[PDB]
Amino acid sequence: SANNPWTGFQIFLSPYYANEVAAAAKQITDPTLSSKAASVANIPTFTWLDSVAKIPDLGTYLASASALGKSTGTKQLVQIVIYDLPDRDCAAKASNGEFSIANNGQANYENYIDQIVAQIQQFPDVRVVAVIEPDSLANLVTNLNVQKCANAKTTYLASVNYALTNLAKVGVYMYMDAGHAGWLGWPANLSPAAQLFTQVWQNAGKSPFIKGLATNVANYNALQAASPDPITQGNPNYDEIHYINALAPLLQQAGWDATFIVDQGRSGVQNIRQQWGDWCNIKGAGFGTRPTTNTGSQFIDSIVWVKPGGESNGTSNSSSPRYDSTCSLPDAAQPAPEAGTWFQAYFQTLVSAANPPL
């Protein structure tokens, strides 16, 4: 499109991820690998606002970005993930979301959005790009047979709508999460997905700030695979470019000339999964293509690193109340600590296996 949110901006580098990376790098014993690991702190990632407790951090990042821009003559851009739906992750065996539909989820989520908007409103010289609710709308395409998802459908739609409508009022550029090629990219899922995303876009007023969709968030697919990963058999859309090329024209027909961003933060190593749906701490993952607007596609505004590499996707300990058995599969790195906590061995392998190399 004419307006790529990243062009002309300096991306703000997360100091939190930077702090995690710095602490991790000093524990890597091989000196050459340690220096490569430390440099990961210079690679832009998205900040996950996975609870209300993260909102004060957002405020600090906006204010810091505003000052860094003035100190360097740059316009700064802060990258965030909106990730706090009530009954979050409806199809997962376990979820860490703090809100529940049964306990005023809609009002609590609205207040979470209001607090985020109130921060963003104070720093108008900082641009914000937001990924909207990973692991939400995609469940409403394929997983309505999951009772928790069926029962969450109206709340997910209302809450996502509230986020889109209100973040647009402060000029946030937004990409709705849209799963990945092995979820919504199956040819038979493309039209139901397009119909749902279009309805969501319409309900939020077709705001020009709703730029399009984010794909492969927290996943491992290639953007453009050298050859199809065996997990993809049966799906001609075996990588993200095939998925996006197939979905984008369906959105165009609705009047939404959508553009896309694609997570490649853990895509450096292909052919590491037994089944396509295995998502938790996949063993042998490597850092992938660094964020760039040089995407190879008319539809793709940026390759991005949405999910921060090194933060555990979930514990492998079956005695934890947050245990999801996906995290103990044979292709999941184990033992793995609780979701969000640092997984040092996994980070070291992400560095060692990076492709392109760091």
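Quick note: we count residues from 1 along the sequence shown, nothing fancier.
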Using only C-alpha atoms and the B-factors in the entry, which stretch averages higher, 214 to 222 or 89 to 97?
89 to 97
So, looking at the entry's B-factor column for Cα atoms, which has the higher mean, 155 to 163 or 224 to 232?
224 to 232
Using the temperature factors in the entry, find which of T315, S302, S64, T47 has the highest value at its Cα atom.
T315
Tell me, please, which of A53, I43, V306, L68 has the highest C-alpha B factor according to the deposited entry?
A53
Based on the entry's values, in what third of the chain does the Cα temperature factor of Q252 lie: lowest, middle or highest?
highest
Chain-wide C-alpha B factor ranking for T60, given as lowest, middle or highest third
lowest
When the modelled residues of the chain are sorted by Cα temperature factor, does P5 land in the lowest, middle or highest third?
lowest
In terms of its chain's C-alpha B-factors, the third that includes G205 is the middle
Ranked against its chain, the third holding the CA B-factor of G73:
highest
